[PDB]
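As structure tokens, the structure follows; a few thoughts come after it.
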Amino acid sequence: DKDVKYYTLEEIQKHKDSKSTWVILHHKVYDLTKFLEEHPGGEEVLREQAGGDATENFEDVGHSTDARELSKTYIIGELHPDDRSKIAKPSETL
Ligand code: HEM
């Protein structure tokens, strides 16, 4: 296609099992499937939610700017323009 990798909530929510753990973090989508162990913090903490707004979780901990750039290195594509009129996504806080 010509657009980026705009993926929908349902699709991303399917990328959280078997051995594909995605997370949506801000207005973009990140594959961390080969970052699980590599993540300086762990797999489990990262796979805890998966395929949902982990933004709240990521922002709770805040993260250093290193992570904000390294995040871009994991950028597969973006959150579909569908759920963009309402970025608001009430989910688990933890
Ligand atoms: C874009 C995806 C992410 C990247 C690239 C990333 C990167 C990093 C990096 C570089 C660190 C080391 C601390 C620092 O930033 O200076 C870190 C630590 C950590 N991250 Fe992430 N992270 C991501 C997503 C997440 C998410 C969604 C969670 C929560 C569900 C999480 C939980 C943690 C925790 C708990 C630590 C601290 C470990 C500890 O001190 O015990 N991270 N992350």
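A note on labels: chains of the structure tokens are A, B, ... as shown, every chain counts residues from 1, and ligands are counted from 1 in their shown order.
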
Worksheet entry | Close residues to ligand 1 using only C-alpha atoms and all ligand atoms, limit 12 Å, as a PyMOL selection string | chain A and resi 21-76+92-94

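These are the residues of chain A assigned helix (DSSP H, G or I) by DSSP from backbone coordinates: residues 9, 10, 11, 12, 13, 14, 44, 45, 46, 47, 55, 56, 57, 58, 59, 60, 65, 66, 67, 68, 69, 70, 71, 72, 73, 81, 82, 83 and 84 of chain A.
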
Suppose we keep N, CA and C atoms; can you now write the selection as a PDB file, in the first residue's frame?
ATOM      1  N   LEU A   9      -7.472  -1.506  16.321  1.00  0.00           N
ATOM      2  CA  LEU A   9      -7.428  -2.009  17.682  1.00  0.00           C
ATOM      3  C   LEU A   9      -7.603  -3.520  17.682  1.00  0.00           C
ATOM      4  N   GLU A  10      -8.614  -4.027  16.972  1.00  0.00           N
ATOM      5  CA  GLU A  10      -8.883  -5.452  16.912  1.00  0.00           C
ATOM      6  C   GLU A  10      -7.658  -6.202  16.385  1.00  0.00           C
ATOM      7  N   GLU A  11      -7.097  -5.744  15.263  1.00  0.00           N
ATOM      8  CA  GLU A  11      -5.939  -6.388  14.667  1.00  0.00           C
ATOM      9  C   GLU A  11      -4.791  -6.414  15.679  1.00  0.00           C
ATOM     10  N   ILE A  12      -4.448  -5.258  16.248  1.00  0.00           N
ATOM     11  CA  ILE A  12      -3.379  -5.175  17.234  1.00  0.00           C
ATOM     12  C   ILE A  12      -3.676  -6.084  18.437  1.00  0.00           C
ATOM     13  N   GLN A  13      -4.929  -6.120  18.890  1.00  0.00           N
ATOM     14  CA  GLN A  13      -5.394  -6.983  19.969  1.00  0.00           C
ATOM     15  C   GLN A  13      -5.246  -8.467  19.614  1.00  0.00           C
ATOM     16  N   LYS A  14      -5.162  -8.817  18.328  1.00  0.00           N
ATOM     17  CA  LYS A  14      -4.866 -10.177  17.912  1.00  0.00           C
ATOM     18  C   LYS A  14      -3.353 -10.427  17.967  1.00  0.00           C
ATOM     19  N   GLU A  44       8.154 -10.002  31.077  1.00  0.00           N
ATOM     20  CA  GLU A  44       6.846 -10.170  31.702  1.00  0.00           C
ATOM     21  C   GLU A  44       6.154  -8.818  31.872  1.00  0.00           C
ATOM     22  N   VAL A  45       6.844  -7.848  32.486  1.00  0.00           N
ATOM     23  CA  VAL A  45       6.350  -6.488  32.638  1.00  0.00           C
ATOM     24  C   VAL A  45       5.848  -5.905  31.313  1.00  0.00           C
ATOM     25  N   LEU A  46       6.442  -6.323  30.194  1.00  0.00           N
ATOM     26  CA  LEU A  46       6.123  -5.837  28.867  1.00  0.00           C
ATOM     27  C   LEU A  46       4.966  -6.631  28.253  1.00  0.00           C
ATOM     28  N   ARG A  47       4.907  -7.936  28.523  1.00  0.00           N
ATOM     29  CA  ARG A  47       3.886  -8.840  28.011  1.00  0.00           C
ATOM     30  C   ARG A  47       2.630  -8.869  28.892  1.00  0.00           C
ATOM     31  N   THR A  55       0.257   2.657  26.942  1.00  0.00           N
ATOM     32  CA  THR A  55       0.709   4.027  27.128  1.00  0.00           C
ATOM     33  C   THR A  55       0.634   4.406  28.599  1.00  0.00           C
ATOM     34  N   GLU A  56      -0.542   4.254  29.221  1.00  0.00           N
ATOM     35  CA  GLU A  56      -0.700   4.526  30.649  1.00  0.00           C
ATOM     36  C   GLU A  56       0.415   3.862  31.468  1.00  0.00           C
ATOM     37  N   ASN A  57       0.694   2.582  31.217  1.00  0.00           N
ATOM     38  CA  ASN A  57       1.688   1.828  31.978  1.00  0.00           C
ATOM     39  C   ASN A  57       3.096   2.398  31.752  1.00  0.00           C
ATOM     40  N   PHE A  58       3.432   2.616  30.481  1.00  0.00           N
ATOM     41  CA  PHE A  58       4.693   3.194  30.040  1.00  0.00           C
ATOM     42  C   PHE A  58       4.917   4.593  30.640  1.00  0.00           C
ATOM     43  N   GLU A  59       3.862   5.417  30.702  1.00  0.00           N
ATOM     44  CA  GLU A  59       3.885   6.789  31.208  1.00  0.00           C
ATOM     45  C   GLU A  59       3.850   6.825  32.739  1.00  0.00           C
ATOM     46  N   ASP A  60       3.176   5.876  33.397  1.00  0.00           N
ATOM     47  CA  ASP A  60       3.240   5.715  34.848  1.00  0.00           C
ATOM     48  C   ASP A  60       4.709   5.659  35.281  1.00  0.00           C
ATOM     49  N   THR A  65      14.313   9.217  27.976  1.00  0.00           N
ATOM     50  CA  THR A  65      14.165   9.614  26.584  1.00  0.00           C
ATOM     51  C   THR A  65      14.765   8.568  25.637  1.00  0.00           C
ATOM     52  N   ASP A  66      15.806   7.850  26.072  1.00  0.00           N
ATOM     53  CA  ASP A  66      16.351   6.692  25.377  1.00  0.00           C
ATOM     54  C   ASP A  66      15.224   5.799  24.873  1.00  0.00           C
ATOM     55  N   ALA A  67      14.306   5.435  25.771  1.00  0.00           N
ATOM     56  CA  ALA A  67      13.155   4.629  25.415  1.00  0.00           C
ATOM     57  C   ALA A  67      12.304   5.318  24.345  1.00  0.00           C
ATOM     58  N   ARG A  68      12.093   6.638  24.409  1.00  0.00           N
ATOM     59  CA  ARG A  68      11.292   7.359  23.412  1.00  0.00           C
ATOM     60  C   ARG A  68      11.873   7.263  21.998  1.00  0.00           C
ATOM     61  N   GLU A  69      13.202   7.200  21.887  1.00  0.00           N
ATOM     62  CA  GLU A  69      13.867   7.020  20.605  1.00  0.00           C
ATOM     63  C   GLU A  69      13.878   5.541  20.220  1.00  0.00           C
ATOM     64  N   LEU A  70      14.302   4.668  21.134  1.00  0.00           N
ATOM     65  CA  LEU A  70      14.336   3.228  20.898  1.00  0.00           C
ATOM     66  C   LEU A  70      12.950   2.725  20.477  1.00  0.00           C
ATOM     67  N   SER A  71      11.902   3.307  21.058  1.00  0.00           N
ATOM     68  CA  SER A  71      10.526   3.102  20.646  1.00  0.00           C
ATOM     69  C   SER A  71      10.390   3.319  19.138  1.00  0.00           C
ATOM     70  N   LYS A  72      10.873   4.449  18.606  1.00  0.00           N
ATOM     71  CA  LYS A  72      10.815   4.711  17.173  1.00  0.00           C
ATOM     72  C   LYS A  72      11.480   3.580  16.383  1.00  0.00           C
ATOM     73  N   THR A  73      12.636   3.096  16.829  1.00  0.00           N
ATOM     74  CA  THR A  73      13.292   1.943  16.227  1.00  0.00           C
ATOM     75  C   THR A  73      12.397   0.683  16.183  1.00  0.00           C
ATOM     76  N   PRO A  81      -6.749   5.513  11.691  1.00  0.00           N
ATOM     77  CA  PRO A  81      -7.395   6.808  11.840  1.00  0.00           C
ATOM     78  C   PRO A  81      -8.850   6.704  12.327  1.00  0.00           C
ATOM     79  N   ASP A  82      -9.429   5.498  12.307  1.00  0.00           N
ATOM     80  CA  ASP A  82     -10.715   5.173  12.910  1.00  0.00           C
ATOM     81  C   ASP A  82     -10.801   5.668  14.365  1.00  0.00           C
ATOM     82  N   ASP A  83     -10.037   5.068  15.287  1.00  0.00           N
ATOM     83  CA  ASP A  83     -10.110   5.378  16.724  1.00  0.00           C
ATOM     84  C   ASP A  83      -9.277   6.630  17.057  1.00  0.00           C
ATOM     85  N   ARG A  84      -9.234   7.598  16.133  1.00  0.00           N
ATOM     86  CA  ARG A  84      -8.400   8.797  16.213  1.00  0.00           C
ATOM     87  C   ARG A  84      -9.262  10.014  16.539  1.00  0.00           C
TER      88      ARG A  84
END

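Within chain A, residues classed as strand (DSSP E or B) by DSSP on backbone coordinates are residues 6, 7, 16, 17, 20, 21, 22, 23, 24, 29, 30, 31, 53, 75, 76, 77, 78 and 79 of chain A.
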
Worksheet entry | Straight-line distance linking CA of residue 2 (chain A) with CA of residue 16 (chain A), stated in Å to one decimal |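 These two atoms are separated by 25.9 Å.
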
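In this model, the gap between CA of residue 5 (chain A) and CA of residue 78 (chain A) comes to 5.7 Å.
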